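Q: Okay, here's the structure, questions in a sec.
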Amino acid sequence: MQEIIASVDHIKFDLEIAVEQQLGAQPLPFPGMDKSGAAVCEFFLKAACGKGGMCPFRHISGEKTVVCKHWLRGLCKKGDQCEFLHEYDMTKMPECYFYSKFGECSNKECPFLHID
Amino acid sequence: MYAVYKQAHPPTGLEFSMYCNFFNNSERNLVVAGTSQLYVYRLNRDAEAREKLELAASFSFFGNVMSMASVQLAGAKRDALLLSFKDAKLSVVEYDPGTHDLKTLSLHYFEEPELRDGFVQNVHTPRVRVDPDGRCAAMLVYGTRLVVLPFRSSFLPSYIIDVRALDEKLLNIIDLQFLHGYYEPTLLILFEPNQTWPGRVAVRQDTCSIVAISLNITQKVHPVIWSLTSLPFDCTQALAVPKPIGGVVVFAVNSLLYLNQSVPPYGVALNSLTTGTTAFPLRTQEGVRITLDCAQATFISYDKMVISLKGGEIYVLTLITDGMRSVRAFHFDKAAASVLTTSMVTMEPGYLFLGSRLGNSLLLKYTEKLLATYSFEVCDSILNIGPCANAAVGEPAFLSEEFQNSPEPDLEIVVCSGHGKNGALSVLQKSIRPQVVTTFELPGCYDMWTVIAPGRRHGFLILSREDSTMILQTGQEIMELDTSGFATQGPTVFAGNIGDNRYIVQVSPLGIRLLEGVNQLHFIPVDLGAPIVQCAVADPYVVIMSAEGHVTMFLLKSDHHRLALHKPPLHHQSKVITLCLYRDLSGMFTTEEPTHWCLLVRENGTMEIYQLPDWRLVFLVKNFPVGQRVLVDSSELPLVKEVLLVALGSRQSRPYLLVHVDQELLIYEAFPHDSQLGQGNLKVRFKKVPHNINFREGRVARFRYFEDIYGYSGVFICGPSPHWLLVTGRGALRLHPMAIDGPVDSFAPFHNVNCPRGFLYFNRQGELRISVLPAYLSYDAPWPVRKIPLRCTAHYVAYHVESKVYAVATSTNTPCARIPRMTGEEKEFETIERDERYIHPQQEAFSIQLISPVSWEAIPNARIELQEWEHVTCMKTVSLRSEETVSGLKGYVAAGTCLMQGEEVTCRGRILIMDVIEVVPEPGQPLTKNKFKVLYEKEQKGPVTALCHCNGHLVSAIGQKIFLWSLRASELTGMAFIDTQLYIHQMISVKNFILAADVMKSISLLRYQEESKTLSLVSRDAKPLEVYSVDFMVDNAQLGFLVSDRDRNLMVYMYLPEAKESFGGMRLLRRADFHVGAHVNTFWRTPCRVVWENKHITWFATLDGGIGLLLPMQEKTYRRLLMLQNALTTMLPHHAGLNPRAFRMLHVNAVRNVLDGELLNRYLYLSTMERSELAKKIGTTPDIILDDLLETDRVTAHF
RNA sequence: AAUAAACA
Ligand SMILES: [Zn+2]
Ligand SMILES: [Zn+2]
Ligand SMILES: [Zn+2]
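Protein chains in written order, with the deposited numbering: chain C, 1 to 116; chain A, 1 to 49, 63 to 165, 183 to 400, 458 to 541, 569 to 673, 679 to 711, 780 to 822, 842 to 903, 926 to 1317, 1328 to 1386, 1393 to 1443.
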């Protein structure tokens, strides 16, 4: 099980040190980007982050109750100015447009919400 | 950043096999080869452990052998070997007498960039064939360049025939052979000048062709005599039919041709897939429905060919011949089934060899039955850890209670060897762990001896205290004896058996008693001025050596037998240091029935071997304690402690010389060498062999010969790192450490009533331990192994830690019947309706076994069998978090699996999380307490290709996505994903860093936060890299990313954001490059045995049977050895003329930082005079390097 | 919400 014999839980690697204070992440070019594939910056949640707009990692805001439908396929033009959420929790999806308006749905594995 | 590669297991598994005159012209010898190792096996027929392949010499190359042919040159006394190495290196080698090594005759490097015609990616392997008359030999370099070696110095300069500049525009070669008959070396060459694919036969019907080019050697031209040009499109290998019929058979996938120059084509079809695929005139072979695509073949003297098919089925094709020596019809017979081969050899007439990578490549024996149907029997099988697909570390279940509180982990590995009908699990376990059946606490004694008193049980156990002697009367229950007989009033320096176990002889420092057991016959006092310090023994001969070097001989004589004083005539120019006796039950010590030999080492550096009835000098090394690689006779200085000559192997055949010279073990082989000195001398020499062992922390012996311990004979090498020396009837030398119970002082064979044939030794802390070797492993392989034949392809293995069981994915072959469509509503399944002369495709049905470690049978009522078309892509042991146990994690077995139904059906998948839960067993079946509890089994949205665990999260790979599911009570709730690259086929992770591995594109490292439910891309590789599997090189603070490749490479990546050569933390950078000889799929870490506080050995098992390692090091210890390695690369006579620096290059800059512990192991092999020279040439002493190379051996002695 | 359903 790899954690009885060669355990590494007591090691503070240089890899984990490289990703807390982010170890020299360059302020990203072209300010109309998306910050995609980037997780979060802990400098923004605790205090002031330091750089605004042109920053590598993601800046989150509150009052996002519905996850983004475009974002699942991998097409997020909005990025962090998105009015929708970017998690993977299967409880904050939109209502399905064809179950809410047009009676029943069509496909068998519709992820979107079906409420009555 | 730096590492040392060390190869823990030599690669088992034979890709090439021949039958040539390797040692001399008198006997043929089965030379077989594998990946970067040559083996030469003799043939026994009267063996105790019946026919048996006895190893005679084995040779390691710095390069993978890509073909191998042999030819007896002009006036040669041996048969040279034409090896072929990667990117077109030929190497003609020979065995040499004298030095028992090889000897390179010629080196031919063809790696010129104008010989490629621009094709960088070499896909064709260089293929070596020889003319059966020995006129020339031809290598097909790079597919397009026939390099011809003319023969007669024994050679001629080569030349490179261009293939594409011939007639007929050959352009896609399939096979090439030298044909028989003729007056010139005619070379048949199958090709495909307008190439097609099985799968595209409606516009390209049948395009294979033949040219039999006729090589003019002197004039250097080549007439393209005889061409056929509409052979079936899928022809595999061509084969030259021998002289009395001539011609060629050309294996096609679905047919079989016989072609010749003056005869029309005759070829039959072997199924009804030749209908719309072939316009060649094909008859119908009656009563046969098979295929020939990967089918190895050899020829019986004339008109009989042994085809082993795919599926391991041996067919003996009979070419039915007319009176005019022309082939009229074929004749098959389904002979027996056997190994899934990769080669084939006719040995001595009536023996065949089936060289196989995946399966124990074994020796067969065909006979005639009472037209001429042959029946097969297996005589011997070379043991073969096959292509280890996956391998997992497990804990053995029979560790004895005395070794229980030991601080080191005590574990073994279980290896998914083989494939298909030869598939298996193999239980590899490097050290030896005895079964302590009775322990004792007897302090004060320091040596021990066993004698036999009245089918040969050890009657007494004789201990020697500092002032007294113990007696241990064995039997039903062992007990200390107080009566007369032995001298219990003083110490003993020897106690043994004389005659044939009819008398017991112990050696007091005052004299020697003759004992019939408890009764004494008489006593002979030794009146030497020096006390006796040690002895040695033959069956009638007792040789005493005093402290001052005086030697006397005792000898039995009948009357009742009694010892007689016999003074040896010796010239004492210098004092004798140590002795050894030896006898010849099966002798090569000829000097021209047991012939006794007396060895004798003098303090002036010399070494002397005497025939014992006389005292005449037969062998003499002038400078012995240096450690010279070949001891040739000539008939400060480091001290020689103990010298041992012992015969090992079948019926005490081959001797070995084990000597102890000042904290260094160096042992010798012994081989015949006829030496024209005339006066009567030993016609043998001694070759030193490599080791892994160091002797670094009355006369006490460290070399204790044992016969008949668990069927084995050999030598237990005592000391600070104890080792076993095992030689079976195989004849190969086996060095198995025994790192449990610490250092070992003494040792003895022990055979009792309540104890079986086992042994008996001291702990260092004075603990006498009756012990038995565990009886389930086999100690005849390079590691101790037990082979578990599953008879189905084991894909994965997963040691479930809780309840301690193994979970194996398997697969058996079911003939397919349905073809799934997807027509718009649901799946429709077209039933295969074909002819009765039709072979079916293979559908593989997968099942997950449950193997128990206690006894290695599988567990009934625990076999998760999957759906109809569902294929396991991964099984792992996954630890998911839970609120039941006192910890968080639980340790399940999760398996991913998807349905393969061709490229028209959308492949979907299903995560199969299991759990092994102990229930009450059935009465009578105690294995059946273990049984699966499938928690999760639900179809996903795409194929499940790879699994991982991260802090109790399940990390799965579906499609171009990698999912992060968490295990609730019954459902998986998704938390994170990222749209990753093409096909993620390996993921391992630790401390929320996920390391993926695509098939083509790139590895990635990922990172999972918990407070924000997000998985993200930290760094990927940016270059295309055809990965096999990945690992984690762990340093004290650095984490390296060990990534094996398709091209037999290893390389260590690191995540370095402060470096400027990558982008800012957005591109991985390799920091070590190395070229393993073999493909690698398995990877695991271990703690090694202040330096090495926090570094991990990231081992691996290669896909050719070998097990390697990458031990990390620091910058100083590396560069004290890279100076040595560069001094070792240049100034040494390497095997087959190979360059170890350029072979261990990356084979794409090659930023190499990994040493070679199989080249640095040669520094341990050099004599101590030669050792000091290369130390001075790099600027140090040998003792600094021996403190550097033996500390990379000590910390890597696991398993 | 910016093409979730873009169907023969
Ligand atoms: Zn930020
Ligand atoms: Zn979005
Ligand atoms: Zn819907």
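For each residue, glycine too, the CB sits at the ideal point set by N, CA and C.
With DSSP collapsed to three states, give me the class of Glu15(A).
A: strand
Q: Output yes if chain C places a C-beta closer than 8 Å to the C-beta of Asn1332(A); else output no.
A: yes
Q: Within the same chain, show all residues whose beta-carbon is closer than 8 Å to that of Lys69(C), passing over the 5 residues directly before and after it, in chain order.
A: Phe84, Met93, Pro94, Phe112
Q: My understanding is that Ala1300(A) touches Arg1396(A), with C-beta atoms under 8 Å, so please give their C-beta distance in whole angstroms.
A: 7 Å
Q: Excluding sequence positions up to five away, which residues of its chain have a Cβ less than 6 Å from the Cβ of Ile247(A)?
A: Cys149, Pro163
Q: Is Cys49(C) near ligand 1 - that is, is its Cβ less than 7 Å away from at least one heavy atom of it?
A: yes
Q: Given the structure, does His59(C) come close to ligand 1, in the sense that its CB is under 7 Å from one of the ligand's heavy atoms?
A: Between ligand 1 and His59(C), a heavy atom-to-CB distance of less than 7 Å is present.
Q: Please check if any C-beta of chain A sits within less than 8 Å of the C-beta of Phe13(C).
A: yes
Q: Closer than 7 Å to a non-hydrogen atom of ligand 3 - does that hold for the CB of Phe98(C)?
A: yes
Q: Closest Cβ-Cβ distance between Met1(C) and chain A: below 8 Å?
A: yes
Q: Would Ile1216(A) pass as a contact of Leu1223(A) if the rule is Cβ separation under 8 Å?
A: yes
Q: Compute the minimum distance between the beta carbon of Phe112(C) and the heavy atoms of ligand 2, and state whether it is under 7 Å.
A: no
Q: Any beta-carbon of chain A closer than 8 Å to the one on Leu23(C)?
A: Interface residue, yes.
Q: Taking the alpha-carbon positions, what's the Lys101(C) to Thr1156(A) distance?
A: Roughly 56 Å separates the two Cα atoms.
Q: Can you tell me the Cα-Cα spacing of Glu488(A) and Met18(A), whole angstroms?
A: 49 Å
Q: Less than 8 Å between the C-beta atoms of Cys1102(A) and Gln1070(A), yes or no?
A: No, the pair does not count as a contact, with Cβ atoms beyond the cut-off.
Q: Could you tell me whether the Cβ of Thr1242(A) comes closer than 8 Å to any Cβ of chain C?
A: Answer yes: the Cβ-Cβ gap between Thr1242(A) and chain C drops below 8 Å somewhere.
Q: Decide yes or no for the touch test of the segment 315–334 of chain A against the segment 252–268 of chain A: beta carbon pairs closer than 8 Å, at least 3 of them.
A: yes
Q: Using the beta-carbon count (16 or more within 10 Å), is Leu1175(A) buried or exposed?
A: buried
Q: Report the residues of the segment 1191–1219 of chain A with a CB closer than 9 Å to any CB of chain C, ordered along the chain.
A: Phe1191, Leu1192, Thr1201, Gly1202, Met1203, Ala1204, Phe1205, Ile1206, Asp1207, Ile1216, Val1218, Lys1219
Q: Report all residues for which the CB-ligand distance to some heavy atom of ligand 2 is below 7 Å; order them along the chain.
A: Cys68(C), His70(C), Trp71(C), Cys76(C), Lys78(C), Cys82(C), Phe84(C), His86(C)
Q: For the putative contact between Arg1109(A) and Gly1180(A), defined by C-beta atoms under 8 Å, what is the C-beta separation to the nearest angstrom?
A: 3 Å
Q: Any heavy atom of ligand 3 closer than 7 Å to the CB of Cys105(C)?
A: yes
Q: Is there a C-beta anywhere in chain C that falls below 8 Å from the one on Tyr1281(A)?
A: No - not a single Cβ of chain C is within 8 Å of the one on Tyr1281(A).
Q: Per DSSP, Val501(A) forms a beta bridge with which residues?
A: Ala479(A), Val514(A)
Q: May I ask you to list, following chain order, the residues of the segment 1275–1308 of chain A that have a beta carbon less than 7 Å from some beta carbon of chain C?
A: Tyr1283, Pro1285, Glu1286, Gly1292, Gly1293
Q: Under 7 Å Cβ-Cβ, which residues of chain C neighbour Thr1105(A)?
A: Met1
Q: Return the residues of the segment 73–96 of chain C that lie within a Cβ-Cβ distance of less than 9 Å from chain A, sorted by chain order.
A: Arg73, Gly74, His86, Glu87, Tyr88, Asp89, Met90
Q: Would the beta-carbon of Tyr1356(A) fall within 8 Å of that of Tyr5(A)?
A: Contact: no.
Q: What separation, rounded to the nearest whole angstrom, lies between the Cα atoms of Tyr1236(A) and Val523(A)?
A: 48 Å
Q: Closest to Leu196(A) by CA distance: which of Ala242(A), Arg142(A), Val143(A), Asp144(A) is it?
A: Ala242(A)
Q: Do you know whose CA, among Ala1339(A), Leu595(A), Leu1127(A), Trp952(A), lies nearest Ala1073(A)'s CA?
A: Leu1127(A)
Q: Can you tell which of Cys503(A), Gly814(A), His572(A), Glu1146(A) has the C-alpha that lies nearest to the C-alpha of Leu1341(A)?
A: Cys503(A)
Q: Under 7 Å: does the beta carbon of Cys41(C) sit that close to some heavy atom of ligand 1?
A: yes
Q: Look up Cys785(A) in the DSSP assignment and give the residues it is bridged to.
A: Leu700(A), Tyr797(A)
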